[PDB]
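Only one chain comes next, encoded as structure tokens, the form deposited in one PDB entry.
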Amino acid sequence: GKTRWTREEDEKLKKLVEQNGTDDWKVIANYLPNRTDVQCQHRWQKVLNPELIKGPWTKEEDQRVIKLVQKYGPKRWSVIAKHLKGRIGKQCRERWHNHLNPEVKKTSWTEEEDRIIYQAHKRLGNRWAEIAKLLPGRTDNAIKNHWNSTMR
């Protein structure tokens, strides 16, 4: 973006959109100098839009993601998000890779797993993604977390 968006701009755009709509971005950018019509819709569509649910996932939502991925596979996230009102691709992808994918196991942390980790982190460092390469059913997020508060 041009510069950092202020509380005013954010507000001023929110009010502007309310009146004019989601289509008139050429006018709305007239009220917000230093902001091209493109940046305006992106600041709103991808942030300010009050319909962007960012809370917890109901069993409903979770189940729907399962089906779609079940059938079409873990990809085309943006398209899958069209089936989850309020959510966007990125969320759907993460939710699935971290809590929905069967392979991910909820099992407790064993001494071996805890070892290969203490082991590898000393070697590879904070390469969570890589460390997970050596864990049958652990996402980099789990491992990363585990360490962060466990291995102080």
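Start at 1 with the first residue shown and count on from there.
There is another form of the same protein, the form deposited in another entry; it is not shown, and what comes next is about it.
Treated as two rigid bodies moving between the shown form and the other one, the chain carries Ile116 and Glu94 on opposite bodies.
Cα of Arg127 to Cα of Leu100: at least 3 Å shorter in the other entry than in the shown structure. Panel note: the distance between the CA atoms of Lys105 and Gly86 is larger in the other entry than in this form, the difference being 3 Å or more.
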